[PDB]
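Note that each Cβ is placed from the backbone with ideal geometry, even for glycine, and that neighbours are counted across all protein chains shown. Each answer follows from the model by the rule given with it, or from the source it names; none is laboratory data.
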Amino acid sequence: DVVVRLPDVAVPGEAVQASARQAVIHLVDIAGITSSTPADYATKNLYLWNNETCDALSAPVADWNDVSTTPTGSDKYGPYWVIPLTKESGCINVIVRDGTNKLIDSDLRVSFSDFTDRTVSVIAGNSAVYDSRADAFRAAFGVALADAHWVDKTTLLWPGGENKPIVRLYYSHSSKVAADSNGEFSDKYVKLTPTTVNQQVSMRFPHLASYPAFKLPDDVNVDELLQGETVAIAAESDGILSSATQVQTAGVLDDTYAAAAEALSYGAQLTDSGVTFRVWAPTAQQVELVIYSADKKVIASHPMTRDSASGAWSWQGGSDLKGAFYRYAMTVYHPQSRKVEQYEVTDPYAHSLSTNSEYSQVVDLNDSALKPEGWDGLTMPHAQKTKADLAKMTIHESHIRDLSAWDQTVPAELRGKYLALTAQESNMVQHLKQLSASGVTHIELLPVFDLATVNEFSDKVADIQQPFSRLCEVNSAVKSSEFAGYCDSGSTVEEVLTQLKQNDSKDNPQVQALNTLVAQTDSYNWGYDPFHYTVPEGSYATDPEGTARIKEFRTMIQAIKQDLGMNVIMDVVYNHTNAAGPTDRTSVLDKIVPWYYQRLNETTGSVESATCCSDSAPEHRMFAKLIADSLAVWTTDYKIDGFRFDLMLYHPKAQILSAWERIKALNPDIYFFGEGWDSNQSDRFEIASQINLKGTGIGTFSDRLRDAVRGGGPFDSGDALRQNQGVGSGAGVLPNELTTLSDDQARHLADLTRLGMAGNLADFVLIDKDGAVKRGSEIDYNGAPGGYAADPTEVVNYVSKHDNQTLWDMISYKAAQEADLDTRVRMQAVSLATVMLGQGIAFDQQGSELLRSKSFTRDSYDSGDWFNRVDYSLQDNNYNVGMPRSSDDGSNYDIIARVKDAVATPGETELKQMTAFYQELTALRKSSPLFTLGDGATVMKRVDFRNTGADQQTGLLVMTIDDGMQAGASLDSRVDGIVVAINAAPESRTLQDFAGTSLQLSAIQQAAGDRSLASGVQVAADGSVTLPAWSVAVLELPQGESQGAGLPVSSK
Ligand SMILES: OC[C@H]1O[C@H](O[C@H]2[C@H](O)[C@@H](O)[C@@H](O[C@H]3[C@H](O)[C@@H](O)[C@@H](O[C@H]4[C@H](O)[C@@H](O)[C@@H](O)O[C@@H]4CO)O[C@@H]3CO)O[C@@H]2CO)[C@H](O)[C@@H](O)[C@@H]1O
Ligand SMILES: OC[C@H]1O[C@H](O[C@H]2[C@H](O)[C@@H](O)[C@@H](O[C@H]3[C@H](O)[C@@H](O)[C@@H](O[C@H]4[C@H](O)[C@@H](O)[C@@H](O)O[C@@H]4CO)O[C@@H]3CO)O[C@@H]2CO)[C@H](O)[C@@H](O)[C@@H]1O
Ligand SMILES: OC[C@H]1O[C@H](O[C@H]2[C@H](O)[C@@H](O)[C@@H](O)O[C@@H]2CO)[C@H](O)[C@@H](O)[C@@H]1O
Ligand SMILES: [Ca+2]
Ligand SMILES: [Ca+2]
Ligand SMILES: [Ca+2]
Ligand SMILES: [Ca+2]
Ligand SMILES: [Ca+2]
């Protein structure tokens, strides 16, 4: 077997050697094998200058604009420069250029001690200095990238080995694989041979199925090779290296250890009789369990016991370890750094933590001391068993700080804390209590698992309610900013921001300028930055040290379900981690089992960031297990009723379903839903998207009705934000001065809205804008089939959410100048009516009932208490409180300045008016089982629409729900049918469709009088119904002695 070595004969020689008092620099640039003339290097030049570090340069030409330092000469291997030196010692500063641009960015320092002959060579885009053109030429023949994949015991997929006489897998336990001084690779290796990828590997990794396959000997000691670095190397029959790359081992890790590891349980598993610690680390060379005292002093370090079959490490001790802090000391090779790292890491299965997640803690969640009184008997206030039960789901998407950060009626020590939900006398809790009584059924919580983006050490944080002096002491960026003068003032940050409002504008966005600095060290963040998946966040607890947060979190859950009467949904973010690699403080999973828990680029091995951050790999067996095990704890130990999967689309459909099967065994009525957009991961596996999840029972947010009612889309910027009016803001019927929307375009949005109100079903049949008969799947949504679901319970409709601009801000961007304040409040209610009175599950942003504004901020995740403010004292809706963050909304400053002051900012009168409209809508939603049929087939048999086709009155939505003899059994003893009429237009409209039918206005709306969305509606003696501008009316056919004729769905 020939020894592999770097090129040594077919290598470029030296153009010239540096003589006395001079240096020489070669720019390796070999011409084509077909070249016939000397290459042109007239534009090639060097920028020479000497400073403190290097002053050997003799008379260095200044002025960067000078390009006169061109090549002294050139040959087939590139040009070269003869630099006049002042001495043959020290060094020189050089930057290779091609005119004015840099061929090599980084500054180059040529050390005369490193290269005695003062004759070096460099290459474009390398930045490294070589002693010869030959060495530089060989540099391209070293270990680079990581496009070789060891997918199973004996299969290695690597493009670089194709048609290569010598293909080997070199390995080193404690060293980095690299050619020695002789240019040879003396490290040990195993021979590879061309083979054909098996169906097994093909099915597991479809995206790698076309890669050249190589077979390892069956007697290969996989375990030992996985303990260190492995490099795939290829060379010619003569032993000259062709290429060498790093190896991605996730596949072989699953094939070798997954099954055995899946059968075990992880974390610090404490029982009253003892404790067993277990962590999966199949590639680690050593793992020690480090025990810390309360004061964080090492009490003991225990070498753990490795299980050969699973690659898991365990240690068993006594029950006295209850409450102890701990970390796992790892000795493991990390492919990113290429070295055997040594570091302590918290437990990925941690269930308790110290302040700021620095140490994990041993805990038994079953302990009565960690449970509020009566916890075990806590019941779910709303049923989720049948589809009809699920359809009644009406969600209020909330955030811990958004809820109480500004409520002065919430005790000061509970503001921004889980416990604020227990302050029964506060404006916030009383408000939620009334929303519940009116029909809101679920509270959805933005990230309450352990996030990383808020420092849990209180002395390291400064909030706007505190002195500016505190902000300066904890934030050095502020102290060195233009705001430094406020440091020794006597004002609070909030007071300063308030004073900056008058002079704030697109030309001087000073409010956001200061707030951007504040955001770095405040207590605010949505928290889509996972540090630990199965421990509550610490900053939301009154005491973040230890187990305390567990009981407080439970107390909150109990308060919501028992005292507020609502179910609880948790936002989970298993699609990515806060960080990866061997150095970041928050990298947990990627430190323990490098390159396994993250999804990597097939060629470079780099952790992908499509989610925003450090993409995870739910397709890998042990991560799928971690996810399922985590959900089990939130379900059983925290009694969560449902989960909203953030970026669920980055998860395999099969993984989400498997997790659901596992959790249903714990809570048979648990509900799963999430964002099912397109993750572009279809080449790797079938994704959990709106389309692929049809008929599975897993819900997905629908962007159809959302965009049709709000107007436009999430990618709009500039004037498009105003031009793209929606059904809720008068598309077609009340055009603003910039829009060019046609009647046809407006009617298309109405088609999408009606389809959504019927549950966005693929098979629901309706009459479209042109009078044509169409199935939901035939109504187009930006190029894709509109209706995608099998049952309405698989669809979550909404017109506002934490992401993107609030509904009020959108209406402010789109409303015609002539639409007065009162009309805009009704537009907000009309927009929400399409969701609340529809068959799909209803979802809404906390505060929509208060016309919530973020001062036009599109993505407010780190915009603090200021832009995310919700005033439960009802003074205003937080509109017009300063221009939004310039980094992301700066391009919208012009349009904002133009539309912002069209009308007055909402006050208590408007907020009370909107809350009334909102509670009327939610009360109507639950006033009859007809609004929430649940089953798709039933929706198709009972739901229909009027005012459709080419002769329709634009903006008028009329939906009928049959309960008559032709629909089947009477589901509502009080009525034979219901009519939902939403007149989203500035004209009064008269319905003649129900003449001689004895229609009556809902008792709930009648009770509200002139405060009803139906105020002014008239039901004439001839049976005609007239609706005022921007109104919503729910009419009913009273049921007599027996079931009536109802409102049968028309044959189409
Ligand atoms: O590195 C990835 C990107 O990360 C950052 O983007 C953020 C956005 O700023 C957030 O707003 C949010 O994005 C949401 C988005 O607001 C929401 O509308 C939705 O997008 C859907 C869309 O609604 C739907 O109709 C259809 O078009 O599919 C879209 C998704 O393809 O979901 C988004 C979720 O991403 O979160 C992302 C982070 O993921 C960063 O700002 C970007 O520069 C970066 O590219
Ligand atoms: O840390 C390395 C990475 O740093 C940078 O990423 C930034 C993004 O550019 C920011 O946009 C932000 O990401 C936020 C995002 O702005 C916010 O909207 C939220 O996104 C959620 C969304 O709300 C949710 O509904 C759903 O769509 O999922 C989204 C993603 O979870 O949360 C994001 C994460 O906090 O912050 C990150 C981190 O600083 C840099 O741009 C990256 O290239 C780099 O990898
Ligand atoms: O003048 C010494 C100075 O040279 C270089 O600075 C360049 C810079 O790299 C260019 O991008 C552009 O800005 O022109 C500068 C010179 O005018 C080095 O980068 C710098 O370290 C060095 O001090
Ligand atoms: Ca040399
Ligand atoms: Ca945290
Ligand atoms: Ca912040
Ligand atoms: Ca990809
Ligand atoms: Ca009935």
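Please verify whether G996 is assigned to a loop (DSSP other than H, G, I, E, B), touching a residue at least 12 places away in the same chain (Cβ under 8 Å) and closer than 22 Å to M914 by Cα, treating the condition exactly as stated.
Considered against the rule, which asks whether it is assigned to a loop (DSSP other than H, G, I, E, B), touching a residue at least 12 places away in the same chain (Cβ under 8 Å) and closer than 22 Å to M914 by Cα, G996 comes out as no.
So which residues in the range 265-284 are surrounded by 15 or more Cβ atoms within 10 Å (Cβ to Cβ) and either without any contact (Cβ under 8 Å) to a residue 24 or more places away in the chain or under 31 Å from the mean Cα position of the chain (by Cα) (or both)?
Hits for the range 265-284 are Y266, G267, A268, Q269, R278, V279, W280, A281, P282, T283, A284.
Within the range 441-484, can you find the residues that are of a type outside the set (A, V, I, L, M) and either within 21 Å of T346 (Cβ to Cβ) or within 25 Å of the chain's Cα centre (by Cα) (or both)?
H442, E444, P447, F449, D450, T453, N455, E456, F457, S458, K460
If you take the residues of the range 568-614 that are in a strand (DSSP E or B) and touching a helix residue (DSSP H, G or I) at 6+ places or on another chain (Cβ under 7 Å), which of them is farthest from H149 (Cα to Cα)?
Step by step, filter the range 568-614, then rank; the result is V568.
Could you check the range 606-638 and list, in sequence order, the residues that are in contact with a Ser or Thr (Cβ under 9 Å, 6 or more places away or on another chain) and within 28 Å of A232 (Cβ to Cβ)?
Across the range 606-638, the qualifying residues are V607, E608, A610, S614, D615, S616, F623, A624.
Quick grid of which residues meet (1) of a type outside the set (A, V, I, L, M, F, W, C); (2) more than 30 Å from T857 (Cα to Cα):
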{"site": "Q512", "(1), (2)": "yes, no"}
{"site": "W526", "(1), (2)": "no, no"}
{"site": "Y533", "(1), (2)": "yes, no"}
{"site": "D543", "(1), (2)": "yes, yes"}
{"site": "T583", "(1), (2)": "yes, yes"}
{"site": "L589", "(1), (2)": "no, yes"}
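Report every pair of residues separated by at least 6 positions or lying on different chains whose Cβ atoms are under 6 Å apart, first residue within the range 490-517 and in the same structural domain as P884 (by CATH), second among the charged types (D, E, K, R).
Going by the 6 Å Cβ cut-off, the qualifying pairs are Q510/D504; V511/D504; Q512/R885.
Okay, residues lined up against (1) in a helix (DSSP H, G or I); (2) away from ligand 4 (no atom under 16 Å from the Cβ); (3) assigned by CATH to the domain that holds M556; (4) within 13 Å of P582 (Cα to Cα):
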site	(1), (2), (3), (4)
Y333	no, yes, no, yes
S337	no, yes, no, yes
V340	no, yes, no, yes
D347	no, yes, no, no
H351	no, yes, no, no
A369	yes, yes, yes, no
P372	no, yes, yes, no
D376	yes, yes, yes, no
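Tell me whether the range 881-900 contains one or more residues that are more than 16 Å from ligand 5 (Cβ to nearest atom), within 19 Å of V825 (Cα to Cα) and among the small types (G, A, S).
Looking for residues that are more than 16 Å from ligand 5 (Cβ to nearest atom), within 19 Å of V825 (Cα to Cα) and among the small types (G, A, S), one finds none in the range 881-900, hence no.
Say whether the condition of being outside the structural domain of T603 (by CATH), under 37 Å from the mean Cα position of the chain (by Cα), without any contact (Cβ under 8 Å) to a residue 12 or more places away in the chain and within 16 Å of ligand 7 (Cβ to nearest atom) is met by at least one residue in the range 188-204.
no
If I filter the range 1009-1022 for residues that are under 18 Å from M914 (Cβ atoms) and part of a strand (DSSP E or B), do I get at least one hit?
No, that holds for no residue.
Within the range 36-53, track down each residue that is surrounded by 13 or more Cβ atoms within 10 Å (Cβ to Cβ) and under 14 Å from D107 (Cα atoms).
Residues satisfying the conditions are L46, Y47, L48, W49, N50.
Can we say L421 is over 22 Å from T806 (Cβ atoms), crowded, with 23+ Cβ neighbours inside 10 Å and in the same structural domain as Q466 (by CATH)?
yes
With over 30 Å from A139 (Cα atoms), buried (at least 16 other Cβ atoms within 10 Å of the Cβ) and more than 16 Å from ligand 8 (Cβ to nearest atom) as the only criterion, which of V190, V197 stands out?
Only one candidate qualifies: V197.
Tell me whether the range 33-41 contains one or more residues that are of a type in the set (A, V, I, L, M, F, W, C) and free of Cβ contacts under 8 Å to residues at least 60 places away in the same chain.
Yes, the conditions are met somewhere in the range 33-41.
Give the range 495-548 a look and list any residue that's within 30 Å of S630 (Cβ to Cβ), of a type in the set (S, T, Y) and within 16 Å of ligand 2 (Cβ to nearest atom), or say none.
Those that are within 30 Å of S630 (Cβ to Cβ), of a type in the set (S, T, Y) and within 16 Å of ligand 2 (Cβ to nearest atom): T521, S523, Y524, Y528, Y533, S539.
Please return the ranges of helices (runs of 4 or more DSSP H) entirely within the range 859-921 where 3 or more residues are out of contact with any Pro (no Cβ under 6 Å at 6 or more places or on another chain), more than 16 Å from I811 (Cα to Cα) and not hydrophobic (A, V, I, L, M, F, W, C).
864-868, 886-889
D147: surrounded by 15 or more Cβ atoms within 10 Å (Cβ to Cβ), touching a residue at least 12 places away in the same chain (Cβ under 8 Å), more than 19 Å from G251 (Cα to Cα) and away from ligand 6 (no atom under 16 Å from the Cβ), yes or no?
When the stated conditions are applied, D147 does not pass them.
For residues that are away from ligand 7 (no atom under 15 Å from the Cβ) and acidic (D, E), scanning just the range 665-705, find the one that is surrounded by the fewest Cβ atoms within 10 Å (Cβ to Cβ).
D669
Out of all the residues in the range 468-484, which are surrounded by fewer than 18 Cβ atoms within 10 Å (Cβ to Cβ) and not in a helix (DSSP H, G or I)?
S480, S481, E482 - these are the residues of the range 468-484 that are surrounded by fewer than 18 Cβ atoms within 10 Å (Cβ to Cβ) and not in a helix (DSSP H, G or I).
Can you name the residue in the range 809-832 that is of a type in the set (A, V, I, L, M, F, W, C) and assigned to a loop (DSSP other than H, G, I, E, B) and is also nearest to the chain's Cα centre (by Cα) among such residues?
Taking the candidates together, the pick is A815.
Go through the residues of the range 539-549 one by one and say whether even a single one is away from ligand 5 (no atom under 14 Å from the Cβ) and of a type in the set (K, R).
Scanning the range 539-549, I find no residue that is away from ligand 5 (no atom under 14 Å from the Cβ) and of a type in the set (K, R), so the answer is no.
On the basis of being touching a strand residue (DSSP E or B) at 6+ places or on another chain (Cβ under 9 Å) and not assigned by CATH to the domain that holds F856, does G936 make the cut?
no
Mind listing whichever residues of the range 654-667 are closer than 17 Å to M570 by Cα and touching a residue at least 24 places away in the same chain (Cβ under 8 Å)?
Passing the criteria: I656, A659, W660, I663, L666, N667.
Restricting to the range 12-62, what's the tally of residues that are polar (S, T, N, Q), within 20 Å of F115 (Cβ to Cβ) and not in a loop (DSSP other than H, G, I, E, B)?
Adding up the residues that qualify gives 1.
Out of everything in the range 387-409 that is under 26 Å from the mean Cα position of the chain (by Cα) and of a type in the set (D, E, K, R), what residue ends up being farthest from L930 (Cα to Cα)?
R401
From the list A412, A420, pick out the single residue that is among the small types (G, A, S), more than 22 Å from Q845 (Cα to Cα) and more than 22 Å from the chain's Cα centre (by Cα).
Testing whether each residue is among the small types (G, A, S), more than 22 Å from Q845 (Cα to Cα) and more than 22 Å from the chain's Cα centre (by Cα) leaves just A412.
Only one of (1) over 29 Å from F673 (Cα atoms); (2) in contact (Cβ under 8 Å) with a residue 12 or more places away in the chain; (3) outside the structural domain of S606 (by CATH) fails for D320. Which number is that?
Checking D320 against (1) over 29 Å from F673 (Cα atoms); (2) in contact (Cβ under 8 Å) with a residue 12 or more places away in the chain; (3) outside the structural domain of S606 (by CATH), the one that fails is (2).
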